[PDB]
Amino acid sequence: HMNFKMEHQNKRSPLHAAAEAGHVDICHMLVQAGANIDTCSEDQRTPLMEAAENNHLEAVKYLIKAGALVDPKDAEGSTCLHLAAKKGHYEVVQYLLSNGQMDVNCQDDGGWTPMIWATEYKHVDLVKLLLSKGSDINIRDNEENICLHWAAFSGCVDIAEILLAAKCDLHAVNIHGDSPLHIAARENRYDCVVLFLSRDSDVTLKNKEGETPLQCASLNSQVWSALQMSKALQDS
């Protein structure tokens, strides 16, 4: 059929559906027939984003090795790189990093980077990959949290361990004055408060509320019991 030439189209196109299904040929036919490889859906999404988020590697390569615009931002500031990471698609994130020449520290609207996203969904090897290829662990989301704070909030020690082995500040604090240990206590993440204590995290540090990590844990929690055993062994 015919593709009207448009300035800013705000309507989903067949390319999106094809992209989202990962059908490489239909994509080709459409592109070859005039389809704008970068059209935006009503919710501001590019076919590349559709193909990325749905783990369709070959269709991601095609769109890319065909002019696909790559730093389009979501309606909430996410790029295809965020989306693929958020879903933990290793290969897509890989290609988007190497052959796609994209920015690993791109931050969406909430301040989050792909690593904070892969941390939120506990995609270990994706955090490894993002580190191995340039992640700046000092990035601070809009509320002063650096990746470690969320590794803490989440509870995944393997991601928390990995971020520390990357020279990440164990005492960095967000807009509330909370440190990673403060968080790992409130959310009752035992294994985490243990790794943290094992790396000398100040149990006496108060936040902007006056609370210390020990004062943030719930009473008689596994975490409370650990944090106190600690404060006592410190006072001794």
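Note that residue numbering begins at 1 and tracks the sequence as displayed.
Trainee: Got a sec? Mean C-alpha B-factor, which is higher, 129 to 137 or 81 to 89?
Mentor: Of 129 to 137 and 81 to 89, the stretch with the higher C-alpha B-factor average is 129 to 137.
Trainee: Per the entry, where is the mean C-alpha temperature factor higher: 26 to 34 or 195 to 203?
Mentor: According to the PDB entry, the answer is 195 to 203.
Trainee: Mind checking which third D169 falls in for C-alpha B-factor across the chain?
Mentor: For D169, whose C-alpha B-factor we compare with every modelled residue in the chain, the answer is the highest third.
Trainee: Thinking about Cα B factors across the chain, which third does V104 belong to?
Mentor: Tercile = highest for this residue's CA B-factor.
Trainee: Rank-wise, by C-alpha B-factor, drop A118 into the lowest, middle or highest third of its chain.
Mentor: It belongs to the lowest third of the chain when residues are ordered by C-alpha B-factor.
Trainee: What third of its chain's C-alpha B-factors does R189 belong to: lowest, middle or highest?
Mentor: Middle third by C-alpha B-factor.
Trainee: How does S221 rank on Cα B-factor within its chain, lowest, middle or highest third?
Mentor: Within its chain, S221 is a middle-third residue by C-alpha B-factor, going by the deposited values.
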